[PDB]
Amino acid sequence: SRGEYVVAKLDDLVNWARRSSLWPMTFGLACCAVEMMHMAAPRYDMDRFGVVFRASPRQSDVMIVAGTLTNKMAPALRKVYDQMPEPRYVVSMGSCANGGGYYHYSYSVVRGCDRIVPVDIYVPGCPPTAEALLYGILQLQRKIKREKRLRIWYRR
Amino acid sequence: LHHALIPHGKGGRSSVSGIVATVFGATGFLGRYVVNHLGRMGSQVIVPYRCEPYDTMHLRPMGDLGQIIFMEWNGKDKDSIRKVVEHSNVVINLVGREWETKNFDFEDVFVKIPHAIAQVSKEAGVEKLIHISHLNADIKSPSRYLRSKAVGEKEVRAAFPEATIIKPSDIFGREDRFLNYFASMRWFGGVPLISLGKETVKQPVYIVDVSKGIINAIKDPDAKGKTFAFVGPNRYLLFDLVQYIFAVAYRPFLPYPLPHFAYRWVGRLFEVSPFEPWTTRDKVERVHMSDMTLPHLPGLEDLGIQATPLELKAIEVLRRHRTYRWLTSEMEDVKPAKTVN
Amino acid sequence: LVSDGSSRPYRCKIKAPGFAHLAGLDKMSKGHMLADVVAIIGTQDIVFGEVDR
Amino acid sequence: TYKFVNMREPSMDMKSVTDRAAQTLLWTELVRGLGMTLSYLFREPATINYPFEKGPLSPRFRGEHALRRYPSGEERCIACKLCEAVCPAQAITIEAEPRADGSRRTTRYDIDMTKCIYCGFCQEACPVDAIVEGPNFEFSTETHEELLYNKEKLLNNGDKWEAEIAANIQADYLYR
Amino acid sequence: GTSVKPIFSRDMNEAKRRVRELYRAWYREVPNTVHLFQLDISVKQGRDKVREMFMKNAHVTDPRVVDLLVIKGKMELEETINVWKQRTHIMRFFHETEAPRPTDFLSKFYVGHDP
Amino acid sequence: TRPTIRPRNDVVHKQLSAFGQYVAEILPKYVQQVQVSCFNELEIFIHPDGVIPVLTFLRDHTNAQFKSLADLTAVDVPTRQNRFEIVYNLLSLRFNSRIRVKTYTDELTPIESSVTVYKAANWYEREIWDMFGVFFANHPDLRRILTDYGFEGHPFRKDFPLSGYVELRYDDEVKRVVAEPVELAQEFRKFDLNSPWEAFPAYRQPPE
Amino acid sequence: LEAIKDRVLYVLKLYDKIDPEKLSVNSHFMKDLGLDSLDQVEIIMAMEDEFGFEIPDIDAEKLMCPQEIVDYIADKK
Ligand SMILES: CCCCCCCCCCCCCCCCC[C@@H](O)O[C@H](CO[C@H](O)CCCCCCCCCCCCCCC)COP(=O)(O)OCC[N+](C)(C)C
Ligand SMILES: NC(=O)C1=CN([C@@H]2O[C@H](COP(=O)(O)OP(=O)(O)OC[C@H]3O[C@@H](n4cnc5c(N)ncnc54)[C@H](OP(=O)(O)O)[C@@H]3O)[C@@H](O)[C@H]2O)C=CC1
Ligand SMILES: *P(=O)(O)OCC(C)(C)[C@H](O)C(=O)NCCC(=O)NCCSC(=O)CCCCCCCCCCCCC
Ligand code: SF4
Ligand code: SF4
Ligand code: SF4
């Protein structure tokens with residue numbers, strides 16, 4: 001159909017820009033944040049993929065929860081996630097952000113950032129290598145490609 | 001009971017509540033509240049969705065690992081309905097639109113889909129079925145919404161005789177229609193009201209109260225085949241209610257009478273939007289219609305929930321509609337509206 | 001490290017150098033500005049994993 | 001011994017004073033910085049073309065876990081729970097019982113990959129080289145539950161990566 | 001020891017004086033806490049909660065324990081005044097998301113093994 | 001020679017013992033006990049009300065210039081009448097040495113704040129209070145440093161459970177993070193690792 | 001002093017736990033009205049609200065009756 005074809009091509013166009021223009025928030029906790037820095041380093045340059053760090057959550061599309069989320073920090077992480085405008089995606093990195101990590105049975109650690117914010121991608125490791133995080137970012141990009149928002153709207 | 005369905009724990013996040021609930025229309029306002037309550041209780045929740053998976057993201061942190069399961073379903077697909085209700089002992093029906101799209105109408109969302117869900121659930125052996133209807137569901141109602149509501153309620157009762165049919169009056173909350181719709185008339189200059197809102201009496205009900213009643217109806221053993229009416233504790237005139245809404249929002253209130261046919265034409269103009277319409281003729285009819293009084297039907301007090309008055313939770317919804325000048329004004333700063341009891 | 005004769009340490013206090021430096025951050029930032037405070041934090045070289053433990 | 005980093009003093013002769021004045025007026029060190037940056041511009045970048053080019057690794061690399069087998073196909077694990085005892089994060093759960101042929105074999109062997117710290121103590125404590133940390137590291141998942149491995153998943157990982165794991169163990173087992 | 005070192009307040013009279021002073025400090029702060037944090041509760045609710053939190057330690061008969069309690073109360077107040085806390089903690093005082101725990105023997109017997 | 005056995009330092013042992021005798025003679029009013037461990041570490045156990053005089057002496061005396069406060073912590077021993085054991089580790093750069101000063105206190109007894117002797121005592125004593133419940137009398141700003149705002153209980157006590165009593169999560173109904181009673185999907189598994197056979201005869205205690 | 005008396009009585013009558021029917025200028029807070037220390041503290045703070053001046057804690061304890069309150073205020077003008 002003409003309408004279905006138009007909405008499919010338009011959805012592919014929209015998903016391409018979001019897929020190829022990821023702007024993660026400058027946000028790191030604990031040891032896992034160093035692997036983000038090595039990913040940004042020349043060896044595994046994230047900028048060549050369209051992945052550019054931005055400081056303001058308003059101008060950010062992806063939150064990389066990289067490191068341990070504590071009880072004293074959870075309100076701030078939730079606040080910045082809320083202040084980040086839609087569409088927004090979440091990549092948790094490392095065992096601490098995935099589940100509890102080395103500090104699962106701790107009185108002051110949140111056993112998983114998904115108790116606070118909806119997580120789109122989980123990157124396993126302690127810390128995951130820069131290659132592993134780059135693979136996670138590419139997997140997030142492929143996940144973005146499969147979104148069909150205009151196709152859902154047209155058939156709604 | 002099956003050994004896996006025996007409740008365990010202290011009713012926390014990681015406990016077992018023995019409830020396996022398929023929540024149709026969970027990607028909505030009442031749906032999200034009900035799913036949150038179920039997950040907090042510690043139940044197995046299945047979320048049938050037809051929308052984009054991105055729009056189901058907020059439901060993920062609502063339960064522990066493996067308790068929320070997302071399965072794609074189609075409204076006119078009994079195979080998908082059976083797939084999503086195969087292993088659940090409770091089925092909750094909250095599907096409903098306030099407008100009519102090209103493919104789905106009020107007949108589809110309120111008669112065909114609820115009847116299909118009720119009939120397929122009966123074949124699958126689902127123990128309990130909760131079905132959400134409207135309080136002002138009249139077979140000869142002026143609104144197609146309410147006519148379809150009544151017909152679908154009859155069909156659901158015919159298909160699943162052991163159902164619990166809940167009839168909320170007018171749900172108000174953060175992501176609601178009621179308070180937001182009445183507080184969003186700022187942009188169109190004044191507030192158009194039919195007969196200046198002097199002939200309409202409404203008693204809105206709190207969303208958390210509705211969700212708690214829905215949860216309690218599941219745990220109540222002697223609410224199997226019943227009909228409950230969920231209404232608020234206070235009844236207001238429409239004029240008084242809108243005046244209180246604008247007073248809490250700290251917006252100037254300039255009401256004016258608009259004849260019913262003119263308001264219907266205005267609603268007809270606004271419903272040509274392919275996206276979610278701001279208002280429709282059916283919405284205008286429902287707003288003008290007065291909330292019915294049904295003393296014989298049980299309610300929140302019968303289910304064990306004390307209805308929360310509007311004056312306590314109005315500031316949760318209407319503080320967003322204020323400006324920086326009045327953002328920090330306290331809850332007590334605005335006098336309660338004039339009730340009609 | 002305090003050991004009570006068993007196979008598990010009874011007490012383990014960890015003295016990180018960044019704790020005292022960050023404690024002294026306030027004094028070093030007297031009569032300075034925001035950029036100067038940024039520079040002072042950088043020159044103190046604080047890692048909050050070891051600061052907090 | 002010790003040395004002073006900043007203890008020099010500049011000569012006050014006329015030539016040095018004029019050189020410093022020229023450096024102040026004509027931004028010589030700024031031009032030097034520009035030249036260094038230009039040199040780096042004309043150098044060759046160190047960026048690898050991922051995923052078509054992969055970073056170097058070693059046989060000792062700790063990645064995704066796996067449960068191995070003897071060449072006969074029998075499982076190596078003997079349910080001795082040494083890995084469970086030594087696991088710093090308590091990420092391993094083991095339950096065993098006598099098999100139909102009387103072997104000491106596990107019925108439950110779960111590893112929580114959101115709790116594991118990938119420290120490699122389990123493969124050190126294994127006396128039969130059953131549990132290993134293989135070479136795979138690209139196993140990111142879209143859901144939390146997929147990272148809660150069990151015995152079936154770990155055996156599948158072992159069968160999937162057995163050749164590379166065996167080669168790495170052959171290459172590095174003389175240092176252990 | 002028979003001669004226990006006093007933190008301050010000596011006997012229980014000065015401890016009660018400090019308790020009343022801290023109660024006044026908390027009471028005059030509830031409107032500011034409601035205004036700044038943009039709480040949806042009433043001022044009366046906040047004052048009632050302060051009163052309840054004071055009353056749950058009314059059985060203490062040791063001046064040193066009372067002094068430590070008022071020290072920690074002043075610490076909590078200075079956390080609130082300086083907006084170090086968020087709405088999260090102030091509402092954590094209210095336990096707004098807990099289900100009503102049963103207290104009768106029959107309900108406890110029905111729900112589980114909890115004494 | 002014994003390659004696997006750490007060598008002893010009799011010179012340093014004798015020097016530390018002589019200095020311990022020196023300080024014990026100088027300050028009989030507070031010094032309860034002096035010890036030198038066999039790996040050359042000097043320890044002084046003093047009365048709790050002598051913290052300020054002892055630290056001031058060990059900081060300002062010409063023969064004891066312990067200018068740097070290396071560490072300050074506490075050890076919780078519930079079986080003692082005074083459970084908390086406050087430990088000061090001091091470094092003397094002029095004489096290239098280290099010393100340890102240990103006092104005792106319980107829940108309700110304050111310990112005089114030593115921020116007038118060393119400035120690092122500010123944050124160190126704040127941490128001690130936050131983690132053990134020990135109150136320091138003249139502290140310029142005594143408040144929690146590491147625990148969450150509004151946290152109840154002092155985590156490092158031996159009787160405080162490992163996972164605490166509350167846990168945090170985001171509740172969508174109230175649109176904020178909430179604190180709820182702790183509930184673990186998998187309980188921490190307690191291991192009894194001690195062998196029932198005595199390991200060190202030298203540390204055997206009288207049966208009594 | 002009649003103005004002070006009526007202002008004090010107006011403040012007292014607004015208090016929820018104060019019974020206006022049994023309320024009188026000579027009614028003791030602890031005995032006649034059956035209050036406690038914190039209720040008296042709240043009453044003293046409300047009195048500070050009306051007259052806009054500070055009441056020391058030692059002075060605040062010597063105001064157990066409305067007559068005592070009005071006498072203290074009159075002495076302080
Ligand atoms: C002014 C108004 C806005 C203007 C917008 C239109 C102008 C721009 C037109 C579109 C820009 C180019 C879009 C196509 C990009 C092609 C690049 C190519 O590499 O993409 C491939 C194909 O592109 C996408 O897959 C298809 C979607 C993009 C094209 C959509 C169809 C055309 C839409 C309408 C275009 C004209 C607009 C008309 C209406 C305004 C697959 O890439 P991908 O797999 O990801 O990368 C994997 C990583 N690799 C490379 C290392 C392997
Ligand atoms: N809200 C109110 O004031 C009152 C509501 N009710 C009734 O309560 C129920 C819940 O209402 P509410 O949450 O406010 O409304 P919403 O519009 O917010 O939610 C409707 C839900 O049904 C789903 N849905 C809609 N159309 C279809 C379809 N064709 N096929 C499948 N799923 C569909 C929606 O999913 P998606 O995101 O894909 O569209 C969404 O999950 C409704 O039945 C309504 O009639 C009764 C009284 C008052
Ligand atoms: P009258 O003197 O007869 O009665 C006095 C009282 C009722 C206090 C007792 O009879 C009494 O004196 N008891 C003696 C023991 C004692 O001192 N009890 C009081 C302990 S002090 C205390 O518990 C302080 C606690 C800190 C305050 C809690 C803060 C909570 C703030 C919540 C704010 C809500 C958000 C707005
Ligand atoms: S997962 Fe490991 S590397 Fe990452 S923050 Fe936790 S301890 Fe550090
Ligand atoms: S690598 Fe370490 S933390 Fe991970 S399962 Fe093995 S022993 Fe446990
Ligand atoms: S250490 Fe090896 S043999 Fe022992 S239980 Fe673990 S995997 Fe099995």
# chains A, B, ... in the order shown; residues from 1 in each chain; ligands from 1
>>> select_by_dssp(residues="segment 18-203 of chain F", states="strand (DSSP E or B)", output="VMD selection string")
chain F and resid 31 to 37 41 to 46 68 to 76 84 to 92 97 to 105 111 136 166 to 171 176 to 181
>>> write_last_selection(atoms="C-alpha atoms", output="CSV table (one decimal), in the first residue's frame")
chain,number,residue,atom,x,y,z
F,31,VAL,CA,49.3,5.2,79.8
F,32,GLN,CA,47.7,2.0,80.9
F,33,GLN,CA,49.9,-0.4,78.8
F,34,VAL,CA,52.7,-0.4,76.2
F,35,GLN,CA,53.3,-3.2,73.7
F,36,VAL,CA,55.7,-3.9,70.8
F,37,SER,CA,54.6,-6.4,68.3
F,41,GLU,CA,55.0,-1.9,65.7
F,42,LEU,CA,54.6,0.1,68.9
F,43,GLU,CA,51.2,0.3,70.6
F,44,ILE,CA,50.1,2.3,73.6
F,45,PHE,CA,46.8,1.7,75.4
F,46,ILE,CA,45.7,4.8,77.4
F,68,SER,CA,51.1,13.4,60.5
F,69,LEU,CA,47.8,11.6,61.6
F,70,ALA,CA,48.1,8.5,59.3
F,71,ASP,CA,44.8,7.0,60.3
F,72,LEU,CA,41.9,7.0,62.8
F,73,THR,CA,39.3,4.3,63.1
F,74,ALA,CA,37.4,2.1,65.6
F,75,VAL,CA,37.1,-1.6,66.2
F,76,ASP,CA,33.9,-3.1,67.5
F,84,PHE,CA,34.4,0.4,70.8
F,85,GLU,CA,38.2,0.6,70.5
F,86,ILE,CA,39.4,3.9,69.0
F,87,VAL,CA,42.7,3.6,67.2
F,88,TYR,CA,45.1,6.5,66.2
F,89,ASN,CA,48.0,5.8,63.8
F,90,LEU,CA,50.6,8.5,63.8
F,91,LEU,CA,53.7,9.0,61.6
F,92,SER,CA,56.8,10.9,62.7
F,97,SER,CA,58.7,6.0,62.7
F,98,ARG,CA,55.1,5.1,63.4
F,99,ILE,CA,53.1,4.8,66.6
F,100,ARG,CA,49.6,3.6,67.6
F,101,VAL,CA,47.4,4.9,70.4
F,102,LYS,CA,44.4,2.9,71.4
F,103,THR,CA,41.5,4.0,73.7
F,104,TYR,CA,38.2,2.5,74.6
F,105,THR,CA,34.6,3.7,74.8
F,111,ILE,CA,35.4,10.8,73.3
F,136,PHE,CA,32.9,13.1,69.8
F,166,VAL,CA,15.9,-1.4,54.1
F,167,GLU,CA,16.4,-1.3,50.4
F,168,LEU,CA,15.6,1.3,47.7
F,169,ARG,CA,13.6,1.1,44.5
F,170,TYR,CA,11.7,3.4,42.2
F,171,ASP,CA,7.9,3.3,42.7
F,176,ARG,CA,9.9,8.8,43.4
F,177,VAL,CA,12.4,6.4,44.9
F,178,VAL,CA,11.1,4.6,48.0
F,179,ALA,CA,12.7,2.7,50.8
F,180,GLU,CA,11.1,-0.7,51.7
F,181,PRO,CA,12.1,-3.5,54.0
>>> closest_atom_pairs(of="chain F", to="chain B", cutoff="7 Å", atoms="only C-alpha atoms", output="Markdown table")
| residue | atom | partner | partner_atom | distance |
| --- | --- | --- | --- | --- |
| F:172 | CA | B:36 | CA | 6.9 |
| F:173 | CA | B:33 | CA | 6.6 |
| F:183 | CA | B:14 | CA | 6.2 |
| F:184 | CA | B:14 | CA | 6.6 |
| F:185 | CA | B:14 | CA | 5.6 |
>>> atom_distance(atom1="atom CA of residue 106 of chain E", atom2="atom CA of residue 297 of chain B")
29.3 Å
>>> residues_near_ligand(ligand="ligand 6", cutoff="7 Å", atoms="only C-alpha atoms and all ligand atoms", output="MDAnalysis selection string")
chainID D and resid 76:84 122 125:131
>>> residues_around(residues="residue 33 of chain G", least_positions_apart="5", cutoff="10 Å", atoms="only C-alpha atoms", output="ChimeraX atom specification")
/G:17-19,22-24,27-28
>>> residues_near_ligand(ligand="ligand 4", cutoff="6 Å", atoms="only C-alpha atoms and all ligand atoms", output="PyMOL selection string")
(chain A and resi 30-32+67-68+94-96+101-102+126-127) or (chain D and resi 117)
>>> residues_near_ligand(ligand="ligand 3", cutoff="8 Å", atoms="only C-alpha atoms and all ligand atoms", output="JSON, numbers by chain")
{"E": [12, 15, 16, 19, 20, 22, 23, 26, 30, 33, 34, 43, 45, 46, 47, 48, 49, 50, 51, 52, 53, 54, 55, 56, 57, 58, 59, 60, 61, 62, 63, 66, 67, 69, 70, 72, 73, 74, 76, 77, 90, 91, 93, 94], "G": [36, 37, 38]}
>>> interface_residues(of="chain D", to="chain B", cutoff="10 Å", atoms="only C-alpha atoms", output="PyMOL selection string")
chain D and resi 143-145+148
>>> closest_residue(among="A:155, A:72, A:149, A:104", to="chain F", atoms="only C-alpha atoms")
A:72
>>> residues_near_ligand(ligand="ligand 2", cutoff="7 Å", atoms="only C-alpha atoms and all ligand atoms", output="NGL selection string")
:B and (24-31 or 49-51 or 74-75 or 94-98 or 104 or 109 or 132-135 or 167-172 or 176-178)
>>> write_last_selection(atoms="C-alpha atoms", output="CSV table (one decimal), in the first residue's frame")
chain,number,residue,atom,x,y,z
B,24,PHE,CA,-4.8,-6.5,28.9
B,25,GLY,CA,-4.3,-2.8,28.1
B,26,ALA,CA,-1.4,-2.6,30.6
B,27,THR,CA,0.2,0.0,28.4
B,28,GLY,CA,-2.1,2.7,29.8
B,29,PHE,CA,-3.0,4.8,32.8
B,30,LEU,CA,-5.1,2.4,34.9
B,31,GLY,CA,-3.1,-0.4,33.3
B,49,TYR,CA,1.0,-5.3,24.0
B,50,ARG,CA,0.3,-4.2,20.4
B,51,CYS,CA,2.2,-0.9,20.6
B,74,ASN,CA,-3.6,-8.6,18.5
B,75,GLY,CA,-7.0,-7.5,19.5
B,94,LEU,CA,-8.7,-2.6,30.7
B,95,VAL,CA,-8.7,-2.1,26.9
B,96,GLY,CA,-10.5,1.1,25.8
B,97,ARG,CA,-10.1,4.2,23.6
B,98,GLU,CA,-11.8,7.6,24.1
B,104,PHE,CA,-10.9,0.1,15.8
B,109,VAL,CA,-12.7,-1.9,21.8
B,132,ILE,CA,-13.5,-2.6,33.6
B,133,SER,CA,-16.6,-0.7,32.4
B,134,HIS,CA,-17.9,2.8,32.9
B,135,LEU,CA,-20.3,3.9,35.7
B,167,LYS,CA,-17.6,0.7,36.9
B,168,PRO,CA,-15.3,3.6,37.8
B,169,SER,CA,-16.9,7.0,37.6
B,170,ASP,CA,-14.2,9.4,36.3
B,171,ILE,CA,-10.6,8.4,37.1
B,172,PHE,CA,-8.3,11.3,37.9
B,176,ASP,CA,-5.4,11.1,33.4
B,177,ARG,CA,-7.8,12.7,30.9
B,178,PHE,CA,-10.2,14.4,33.3
>>> atom_distance(atom1="atom CA of residue 327 of chain B", atom2="atom CA of residue 80 of chain A")
20.6 Å
>>> residues_around(residues="residue 43 of chain G", least_positions_apart="5", cutoff="10 Å", atoms="only C-alpha atoms", output="short mmCIF file (atom, residue, chain, number, x, y, z; two decimals) with N, CA, C and O atoms, in the first residue's frame")
data_model
loop_
_atom_site.label_atom_id
_atom_site.label_comp_id
_atom_site.auth_asym_id
_atom_site.auth_seq_id
_atom_site.Cartn_x
_atom_site.Cartn_y
_atom_site.Cartn_z
N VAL G 8 -5.50 36.22 73.63
CA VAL G 8 -5.05 34.94 74.15
C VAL G 8 -6.16 33.90 74.07
O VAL G 8 -5.94 32.75 73.68
N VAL G 11 -6.58 32.77 70.49
CA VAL G 11 -5.54 31.80 70.13
C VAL G 11 -5.85 30.44 70.73
O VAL G 11 -5.74 29.41 70.06
N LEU G 12 -6.25 30.41 72.00
CA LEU G 12 -6.53 29.15 72.68
C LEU G 12 -7.68 28.40 72.02
O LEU G 12 -7.64 27.18 71.87
N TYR G 15 -7.00 26.12 68.93
CA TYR G 15 -6.30 24.85 69.11
C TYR G 15 -7.30 23.70 69.13
O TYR G 15 -8.32 23.76 69.83
N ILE G 18 -7.85 21.86 72.51
CA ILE G 18 -8.44 22.69 73.56
C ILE G 18 -9.95 22.65 73.43
O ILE G 18 -10.50 22.86 72.34
N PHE G 29 -3.55 24.00 81.93
CA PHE G 29 -3.35 23.15 80.76
C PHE G 29 -3.17 21.69 81.17
O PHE G 29 -3.79 20.79 80.59
N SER G 37 3.31 18.11 77.83
CA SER G 37 4.36 19.11 77.62
C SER G 37 4.34 19.66 76.20
O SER G 37 4.48 20.87 76.00
N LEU G 38 4.17 18.78 75.21
CA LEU G 38 4.24 19.21 73.82
C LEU G 38 3.04 20.07 73.43
O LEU G 38 3.19 21.00 72.63
N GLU G 48 3.51 33.08 70.69
CA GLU G 48 4.56 33.84 70.02
C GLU G 48 4.12 34.30 68.64
O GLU G 48 4.52 35.38 68.19
N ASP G 49 3.33 33.48 67.95
CA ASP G 49 2.83 33.87 66.63
C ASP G 49 1.94 35.10 66.72
O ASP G 49 2.03 36.00 65.87
N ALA G 60 8.88 30.03 79.22
CA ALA G 60 7.78 29.31 78.59
C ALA G 60 7.16 28.28 79.52
O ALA G 60 5.97 27.98 79.40
N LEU G 63 4.08 29.44 82.15
CA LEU G 63 2.87 29.97 81.53
C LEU G 63 1.82 28.87 81.41
O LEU G 63 1.21 28.66 80.36
N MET G 64 1.59 28.16 82.51
CA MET G 64 0.69 27.01 82.50
C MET G 64 -0.78 27.40 82.49
O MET G 64 -1.63 26.52 82.32
#
>>> atom_distance(atom1="atom CA of residue 8 of chain A", atom2="atom CA of residue 152 of chain A")
10.0 Å
>>> residues_around(residues="residue 24 of chain A", least_positions_apart="6", cutoff="8 Å", atoms="only C-alpha atoms", output="ChimeraX atom specification")
/A:51-54,60-64
>>> write_last_selection(atoms="N, CA and C atoms", output="PDB file, in the first residue's frame")
ATOM      1  N   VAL A  51      28.853   8.449  18.114  1.00  0.00           N
ATOM      2  CA  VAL A  51      28.621   8.410  19.551  1.00  0.00           C
ATOM      3  C   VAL A  51      29.443   9.531  20.170  1.00  0.00           C
ATOM      4  N   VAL A  52      28.764  10.568  20.651  1.00  0.00           N
ATOM      5  CA  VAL A  52      29.422  11.765  21.168  1.00  0.00           C
ATOM      6  C   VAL A  52      28.898  12.059  22.565  1.00  0.00           C
ATOM      7  N   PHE A  53      29.806  12.200  23.525  1.00  0.00           N
ATOM      8  CA  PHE A  53      29.400  12.535  24.882  1.00  0.00           C
ATOM      9  C   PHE A  53      28.909  13.975  24.964  1.00  0.00           C
ATOM     10  N   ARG A  54      27.821  14.175  25.701  1.00  0.00           N
ATOM     11  CA  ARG A  54      27.310  15.503  26.005  1.00  0.00           C
ATOM     12  C   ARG A  54      27.046  15.593  27.499  1.00  0.00           C
ATOM     13  N   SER A  60      21.156  14.804  25.746  1.00  0.00           N
ATOM     14  CA  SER A  60      21.659  13.439  25.758  1.00  0.00           C
ATOM     15  C   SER A  60      20.554  12.476  25.353  1.00  0.00           C
ATOM     16  N   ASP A  61      20.930  11.424  24.628  1.00  0.00           N
ATOM     17  CA  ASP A  61      19.992  10.401  24.186  1.00  0.00           C
ATOM     18  C   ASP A  61      20.141   9.083  24.922  1.00  0.00           C
ATOM     19  N   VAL A  62      21.350   8.750  25.361  1.00  0.00           N
ATOM     20  CA  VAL A  62      21.642   7.480  26.008  1.00  0.00           C
ATOM     21  C   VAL A  62      22.273   7.759  27.362  1.00  0.00           C
ATOM     22  N   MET A  63      21.833   7.022  28.373  1.00  0.00           N
ATOM     23  CA  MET A  63      22.489   7.003  29.671  1.00  0.00           C
ATOM     24  C   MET A  63      23.224   5.680  29.806  1.00  0.00           C
ATOM     25  N   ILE A  64      24.535   5.751  29.989  1.00  0.00           N
ATOM     26  CA  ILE A  64      25.354   4.575  30.233  1.00  0.00           C
ATOM     27  C   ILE A  64      25.579   4.514  31.737  1.00  0.00           C
TER      28      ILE A  64
END
>>> closest_atom_pairs(of="chain A", to="chain F", cutoff="10 Å", atoms="only C-alpha atoms", output="JSON lines")
{"residue": "A:70", "atom": "CA", "partner": "F:148", "partner_atom": "CA", "distance": 8.8}
{"residue": "A:71", "atom": "CA", "partner": "F:168", "partner_atom": "CA", "distance": 6.4}
{"residue": "A:72", "atom": "CA", "partner": "F:148", "partner_atom": "CA", "distance": 4.7}
{"residue": "A:73", "atom": "CA", "partner": "F:148", "partner_atom": "CA", "distance": 8.5}
{"residue": "A:74", "atom": "CA", "partner": "F:177", "partner_atom": "CA", "distance": 7.7}
{"residue": "A:75", "atom": "CA", "partner": "F:177", "partner_atom": "CA", "distance": 6.3}
{"residue": "A:76", "atom": "CA", "partner": "F:177", "partner_atom": "CA", "distance": 10.0}
{"residue": "A:78", "atom": "CA", "partner": "F:177", "partner_atom": "CA", "distance": 8.0}
{"residue": "A:79", "atom": "CA", "partner": "F:176", "partner_atom": "CA", "distance": 9.0}
{"residue": "A:103", "atom": "CA", "partner": "F:163", "partner_atom": "CA", "distance": 9.8}
{"residue": "A:104", "atom": "CA", "partner": "F:163", "partner_atom": "CA", "distance": 8.7}
{"residue": "A:105", "atom": "CA", "partner": "F:163", "partner_atom": "CA", "distance": 5.3}
{"residue": "A:106", "atom": "CA", "partner": "F:163", "partner_atom": "CA", "distance": 4.8}
{"residue": "A:107", "atom": "CA", "partner": "F:163", "partner_atom": "CA", "distance": 4.2}
{"residue": "A:108", "atom": "CA", "partner": "F:147", "partner_atom": "CA", "distance": 7.5}
{"residue": "A:109", "atom": "CA", "partner": "F:167", "partner_atom": "CA", "distance": 8.4}
{"residue": "A:110", "atom": "CA", "partner": "F:168", "partner_atom": "CA", "distance": 6.7}
{"residue": "A:111", "atom": "CA", "partner": "F:167", "partner_atom": "CA", "distance": 9.1}
{"residue": "A:112", "atom": "CA", "partner": "F:169", "partner_atom": "CA", "distance": 9.6}
{"residue": "A:113", "atom": "CA", "partner": "F:169", "partner_atom": "CA", "distance": 9.0}
{"residue": "A:114", "atom": "CA", "partner": "F:169", "partner_atom": "CA", "distance": 9.0}
{"residue": "A:115", "atom": "CA", "partner": "F:169", "partner_atom": "CA", "distance": 5.3}
{"residue": "A:116", "atom": "CA", "partner": "F:170", "partner_atom": "CA", "distance": 4.8}
{"residue": "A:117", "atom": "CA", "partner": "F:170", "partner_atom": "CA", "distance": 7.6}
>>> interface_residues(of="chain C", to="chain A", cutoff="10 Å", atoms="only C-alpha atoms", output="number ranges by chain")
C: 47-50
>>> write_last_selection(atoms="C-alpha atoms", output="mmCIF file, in the first residue's frame")
data_model
loop_
_atom_site.group_PDB
_atom_site.id
_atom_site.type_symbol
_atom_site.label_atom_id
_atom_site.label_comp_id
_atom_site.auth_asym_id
_atom_site.auth_seq_id
_atom_site.Cartn_x
_atom_site.Cartn_y
_atom_site.Cartn_z
ATOM 1 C CA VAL C 47 39.168 8.719 43.141
ATOM 2 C CA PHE C 48 35.942 8.240 45.035
ATOM 3 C CA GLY C 49 36.131 4.463 45.023
ATOM 4 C CA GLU C 50 39.038 4.721 47.440
#
>>> select_by_dssp(residues="segment 52-175 of chain F", states="alpha helix (DSSP H)", output="list in words")
residues 52, 53, 54, 55, 56, 57, 58, 59, 60, 121, 122, 123, 124, 125, 126, 127, 128, 129, 130, 131 and 132 of chain F
>>> residues_near_ligand(ligand="ligand 5", cutoff="10 Å", atoms="only C-alpha atoms and all ligand atoms", output="ChimeraX atom specification")
/A:95,101-102,125-126 /D:62-65,82-93,110-125,131-133
>>> closest_residue(among="E:115, E:87, E:96, E:103", to="chain A", atoms="only C-alpha atoms")
E:87
>>> residues_around(residues="residue 141 of chain D", least_positions_apart="2", cutoff="9 Å", atoms="only C-alpha atoms", output="MDAnalysis selection string")
(chainID A and resid 120:124 136 139) or (chainID D and resid 139 143:147)
>>> decode(residues="segment 18-22 of chain C", atoms="C-alpha atoms", output="compact mmCIF listing (two decimals), in the first residue's frame")
# COMPACT_ATOMS: atom_id res chain seq x y z
CA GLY C 18 42.38 10.87 48.77
CA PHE C 19 40.22 10.99 51.90
CA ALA C 20 42.42 13.50 53.72
CA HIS C 21 43.08 15.47 50.53
CA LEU C 22 39.37 15.87 49.80
